[PDB]
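Protein chains in written order, with UniProt numbering: chain A, 3 to 261; chain B, 3 to 261; chain C, 3 to 259. Note that beta-carbon positions come from the ideal geometry of N, C-alpha and C, so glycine has one too. One structure is given below, encoded as structure tokens.
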Amino acid sequence: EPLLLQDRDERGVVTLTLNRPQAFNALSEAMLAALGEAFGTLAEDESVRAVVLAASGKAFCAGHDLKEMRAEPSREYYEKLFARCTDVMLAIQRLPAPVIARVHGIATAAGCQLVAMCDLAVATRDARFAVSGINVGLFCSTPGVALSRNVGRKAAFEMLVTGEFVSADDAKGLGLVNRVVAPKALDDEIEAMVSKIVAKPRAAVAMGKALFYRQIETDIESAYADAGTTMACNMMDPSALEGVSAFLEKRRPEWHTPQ
Amino acid sequence: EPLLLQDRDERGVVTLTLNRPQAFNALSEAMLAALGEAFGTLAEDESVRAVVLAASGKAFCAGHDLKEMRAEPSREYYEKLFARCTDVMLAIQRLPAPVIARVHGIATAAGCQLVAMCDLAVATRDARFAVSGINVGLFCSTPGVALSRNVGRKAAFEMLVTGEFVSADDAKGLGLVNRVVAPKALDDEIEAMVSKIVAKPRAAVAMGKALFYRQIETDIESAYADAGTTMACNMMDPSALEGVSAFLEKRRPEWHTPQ
Amino acid sequence: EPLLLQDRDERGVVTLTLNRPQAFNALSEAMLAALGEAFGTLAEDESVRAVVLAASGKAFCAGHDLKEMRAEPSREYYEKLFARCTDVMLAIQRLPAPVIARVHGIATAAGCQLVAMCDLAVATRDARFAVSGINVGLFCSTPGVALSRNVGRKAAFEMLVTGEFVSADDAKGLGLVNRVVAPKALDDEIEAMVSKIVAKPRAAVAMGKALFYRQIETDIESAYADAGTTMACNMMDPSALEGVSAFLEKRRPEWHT
């Protein structure tokens, strides 16, 4: 039974499902290796249009595997383990397709980090979020990096030092997720978001996501120089040329994308 | 009829009105040139106290002029066009008076960018905001620069990749506008904001706006060094000396500003 | 009475109380010197677990002392005064224990800056917040540094150019405070927060706060490099090894907290 399931539809939409349900999908070394391999392969495939990051069992993800970690009390071990995790997280952010977290239960510590690194997230009303490493004496330093780029400073600091859960409604308000729905509506809500993305041209979405994360962490003038260069290249893409033509000619664009 | 109307009251409040109502005030080359010249002229006039950026017809601004843009495509043409737009946007942010967007209808793509670049914005409840370039196959890279400096990452990414409208009240929640009112109340709401700004000394407002955007882009220690120097300079301005004396003597400050 | 009261409980929780109640706790030169001295001494003491920044009288803090400032104006004096304020504000953010603002009344100008510089804040439902220097012709340039790192750009700009008050509930929504409660519930809400912090290992909280503010101001890859090595160091601390073992053995950790 694989630690990470992988399914693909006829639209280029890939679902990766964390699959250690009894372990609450904890990010063991082997889980991390599977995620790294999957995102590494998907990054080379221009036909991939979106990834849904889902999870088995009651939890979304409990974070690092504490059993496995505690068995290896070595500074070098932890240095490289955390670097490996960071490599998976940056691979999510570098994938040239949007990655959507499907959060149906608890997301704690590196599990909450996963949600914060995904480009988009849809949660159920009963899902709960925490950076709760501190409850075991391990401040959530790496999850805090991702969290403090989705929520305000005081909200992040409070979460980090107390380790307490935040509701899905509150997480949406804070900026950690995009949508909150009933459990029965979760698949429909994910599909609504996927269908909107896949209807757009791949080139535009890929160029745009890459530019988004380059520009967001620089000064506004540098950001605009990159953005303008990018948007000029995007406009010379055939789907932009066709998309603008179709608008002017009051018709649907012939993008050959799933509708 | 001029592409851009310009009116000024006796308080030093300038209203610039986008005036291509049937084209939904699209930012053609000529509209951009007109905006560039207006902001250029205003930047040299220390008597200007505030600018209201308004718009004619049913829309606020549809963004770039797609008919014009599409006619003769080349990488160089788009690079230059987008740089010219960026120059207008940065001129708004660098103007030594606050610029308030008056948004009474749709603001899409570079039209949403304009709102995001203005220091302040008041919208009507029926105004809608989108970064909808993606709907014509052109990811909103340049509007995304501005948008991602007003709203959270996940909210910005969702807007950019889907191109969907956000309501005025949703936009206020997110940080893209300051105030949302009924259509009949828009002028009154603008006036309340303008009246508060013009009552304050020009010097303090000018020094303060400039510092605001320098400091927000650097580290907190560097920010404080610049802010302290700026505030010390401001304190030596006659209106600061008088405003503080007035507080201490329990009277109104003699600033000779509109009341 | 002293300008700044300082009390400490048996848990290493230190309460600093601004104590110029009739002057609305304004940050005179002497007040700033007292704050600087207290944060300097506290930074050297690894037994301190948390600091509550409280205030006497009706107001939290009105900001700089306008009477004192106005007396002998010079550019050089204002630059030095504002740099002394900044040194206190940065001392707060660099202290190896969380600093919680207990806001029971108005916080204006450098007083609102104080709130924004504290790691956490609990306000009463009638506390009000403004960056109101502009009402005396002095744009809140230094308060805006702190405010713009707690609230959105347009919200911050509007506060700065108009000088108007924002309610406690609105401040919470914006990100300027964590919790809003009735005045009678304030002490209980502060204690709820402090007790959560004290329950965690000091080492972890100290290294975590330091990492938090280093990483927040850099790019995501630099942030992760620093966070990874910091977290690896934390995991070798005996309290992390014990905290994890305790979770695994379904028992409370023996942290002597």
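CB contact below 8 Å: residue i versus chain C
i: B/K198; result: yes
i: B/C235; result: yes
i: A/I108; result: no
i: B/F41; result: no
i: A/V15; result: no
i: B/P100; result: yes
i: A/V53; result: no
Residue i, enclosing alpha helix (DSSP H) - first and last residue
i: A/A248; result: 240-250
i: A/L162; result: 155-164
i: C/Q24; result: First-last for C/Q24: undefined, no H or E at that position.
i: A/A205; result: 204-217
i: B/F84; result: 77-96
i: residue 1 of chain C; result: One cannot answer for residue 1 of chain C here, as it falls past the ends of chain C, which runs 3 to 259.
i: B/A118; result: 112-119
Test: residue i CB closer than 8 Å to a CB of chain A
i: B/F141; result: yes
i: B/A103; result: no
i: B/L92; result: yes
i: C/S49; result: no
i: B/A85; result: yes
i: B/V117; result: no
i: C/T231; result: yes
i: B/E31; result: no
i: B/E81; result: yes
i: B/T19; result: no
i: B/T88; result: yes
Nonlocal neighbours in the same chain, by C-beta distance under 7 Å from residue i, ignoring five residues either side
i: A/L5; result: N21, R22, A32, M33, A36
i: C/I192; result: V54, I102, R104, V124
i: C/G146; result: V133, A158, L162
i: A/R253; result: none
i: B/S49; result: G14
i: A/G177; result: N152, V153
i: A/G107; result: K60, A61, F62, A129
Beta carbon proximity, residue i to chain B, threshold 8 Å
i: C/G146; result: yes
i: A/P255; result: yes
Endpoints, beta strand (DSSP E) assigned at residue i
i: C/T43; result: From DSSP, C/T43 is part of no beta strand (DSSP E) but of the alpha helix (DSSP H) over 31-45.
i: C/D9; result: 6-10
i: C/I136; result: Premise fails: C/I136 is in no beta strand (DSSP E) and is neither H nor E.
i: C/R72; result: Counting along the chain, C/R72 falls outside any beta strand (DSSP E), though it belongs to the alpha helix (DSSP H) covering 68-73.
i: B/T231; result: No beta strand (DSSP E) holds B/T231; the alpha helix (DSSP H) holding it covers 222-237.
i: C/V196; result: Per DSSP, C/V196 belongs to no beta strand (DSSP E); it is in the alpha helix (DSSP H), 188-200.
i: A/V147; result: Looking at the DSSP string, A/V147 is not in any beta strand (DSSP E); the run it does join, the alpha helix (DSSP H), is 143-149.
i: B/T126; result: 122-126
i: A/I102; result: 101-105
i: C/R130; result: 130-132
i: B/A52; result: 52-57
Minimum Cβ-Cβ distance from residue i to chain E less than 8 Å
i: B/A112; result: In the displayed structure, chain E is absent; the protein chains listed are A, B and C.
Close Cβ partners of residue i (< 6 Å) along its chain, the five nearest in sequence each way excluded
i: B/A206; result: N236
i: A/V168; result: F131
Same chain only: Cβ atoms within 8 Å of residue i, ignoring 5 sequence neighbours per side
i: B/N27; result: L20, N21, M33, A57, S58, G59, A61, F62, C63, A64, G113
Residue i beta carbon near the ligand ATP (any heavy atom closer than 7 Å)
i: B/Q24; result: With respect to small molecules bound, the structure shown includes none, and the ligand ATP cannot be examined in it.
(message) Any C-beta of chain A within less than 8 Å: which residues of the stretch 149-171 of chain B qualify?
(response) Cβ contacts with chain A come from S150, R151, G154, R155, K156, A157, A158, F159, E160, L162, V163, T164, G165, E166.
(request) Give the residues from the stretch 56-77 of chain A that approach chain C closer than 9 Å (Cβ to any Cβ), ordered along the chain. (result) Within the stretch 56-77 of chain A, the residues whose Cβ lies closer than 9 Å to some Cβ of chain C are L68, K69, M71, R72, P75, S76, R77, listed in chain order.
(message) Which residues of the stretch 201-229 of chain B have a Cβ closer than 7 Å to any Cβ of chain C? Give them in chain order.
(response) For the stretch 201-229 of chain B, the residues whose beta carbon sits under 7 Å from a beta carbon of chain C are, in order, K202, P203, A206, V207, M209, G210, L213, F214, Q217, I218, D221, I222, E223, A225, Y226, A229.
(request) Residues of the stretch 119-131 of chain A with a CB closer than 9 Å to any CB of chain B: list them in chain order, please. (result) Residues of the stretch 119-131 of chain A with a C-beta less than 9 Å from any C-beta of chain B: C120, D121, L122, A123, listed in chain order.
(message) Please list, in chain order, the residues of the stretch 237-251 of chain A that have any C-beta partner in chain B closer than 9 Å.
(response) Taking a C-beta cut-off of 9 Å against chain B, the contacting residues of the stretch 237-251 of chain A are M237, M238, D239, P240, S241, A242, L243, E244, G245, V246, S247, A248, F249, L250, listed in chain order.
(request) Examine the Cβ distances between the stretch 126-137 of chain C and the stretch 220-231 of chain B and report whether three or more of them are shorter than 8 Å. (result) The stretch 126-137 of chain C is not in contact with the stretch 220-231 of chain B.
(request) Please list the residues of the stretch 177-193 of chain C that have a C-beta atom closer than 9 Å to any C-beta atom in chain A, keeping them in chain order. (result) In summary, the residues of the stretch 177-193 of chain C whose CB is separated from some CB of chain A by less than 9 Å are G177, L178, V179, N180, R181, in the order they occur in the chain.
(request) Report yes or no: do three or more beta-carbon pairs, one from the stretch 69-87 of chain A and one from the stretch 226-246 of chain C, lie closer than 8 Å? (result) Yes, since at least three Cβ pairs between the stretch 69-87 of chain A and the stretch 226-246 of chain C fall closer than 8 Å, the two stretches touch.
(message) Taking contact to mean 3 or more Cβ pairs, one atom from each stretch, closer than 8 Å, check whether the stretch 56-66 of chain C and the stretch 105-122 of chain C are in contact.
(response) Yes: at least three Cβ pairs fall under 8 Å.
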